[PDB]
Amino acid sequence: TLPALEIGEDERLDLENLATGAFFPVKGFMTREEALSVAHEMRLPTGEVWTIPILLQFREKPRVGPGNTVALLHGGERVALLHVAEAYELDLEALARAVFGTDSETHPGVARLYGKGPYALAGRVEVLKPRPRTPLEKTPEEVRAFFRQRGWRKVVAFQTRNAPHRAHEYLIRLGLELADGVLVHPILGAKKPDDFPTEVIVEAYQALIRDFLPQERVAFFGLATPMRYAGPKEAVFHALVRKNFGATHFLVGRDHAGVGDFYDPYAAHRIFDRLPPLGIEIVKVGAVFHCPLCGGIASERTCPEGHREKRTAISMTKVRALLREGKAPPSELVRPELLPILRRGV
């Protein structure tokens, strides 16, 4: 029998994203050269833009090498086949600094990386036992087909790892105003502890879409891959992957993909300035909040400096704090109708 190696969920999700073209142009778990150039130069050796290393890691060096075909185990059964193209070890700390901007294990993304081990295997993979998908978890080809069918030419994608608050909804509405349709694409893979569980994200968005948005033009599908919380660099990753799903536009608000306040609020806007056109337009929007003077939800690009004093910040951190405290998040933060859904997963 073939040499076998157990693999976690992050791995099973990402080998599938590789095989489905979600991570195109990356086609297989990266070689050391690929990992390093991606991490330090934001390019693949061949020249294409890419910022997030896709790796198959292990805590103990595997008993396999170039040319071997290995069975990948998950959930007890053999799920896929790996065509090892290289076996190497990485200096995770150096890698984390380049990808996350810090090597502190206090960073959730950094911790997840370290936990997987320094031994890596590169190579293409073939899916044997596809993981069961729900109607929401559509493949890039299924999404692009969905767009063609409905005749959507201009499509703005919206990334998210949380339940929606009024600020998130503003981005979605901005998208609705500029495109034939908007793709709300929640991350379905592993997240840090204080993010809302996928089940409440799914119920919250379906309610927001069903009762407050044109159901007609809001495609709600899920992207199954972990959050890296790498801010600016993850933003580029998010945009590129959405491009593979058929999006022509990608929203990037305040502190896109950040953890706490480690990255500068708009570094994810700026990073695109230091990169070549990507084949998908970036729609940047500043901080979104509530303004009594303006008369409701607004942003820094539409609200006068003189209004500051009266602005009310909108963030899920505040929202969860309010809920964990027994208090009810105000109407200017979250919609009252979604509250029961949120209290349920806090």
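A residue's number is simply how far along the shown sequence it sits, counting from 1.
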With reference to the PDB entry, specify whether the mean Cα temperature factor is higher for 320-328 or for 18-26.
320-328
Between the two ranges 298-306 and 51-59, the one averaging a larger CA B factor in the entry
298-306
Between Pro276, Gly101, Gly75, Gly181, which one tops the list for Cα B-factor in this entry?
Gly75
Per the entry, which of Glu169, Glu203, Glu216, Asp264 tops the list for Cα B factor?
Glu216
If you rank the chain by CA B-factor, which third does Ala85 end up in: lowest, middle or highest?
highest
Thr225's Cα B-factor: lowest, middle or highest third of the chain?
lowest
Sorting the chain's modelled residues by C-alpha B-factor and splitting them into thirds places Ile341 in the lowest
Splitting the chain's C-alpha B-factors into thirds, which one does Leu128 fall into?
highest
Test of reading the entry: by CA B factor among the chain's modelled residues, which third contains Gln159?
lowest
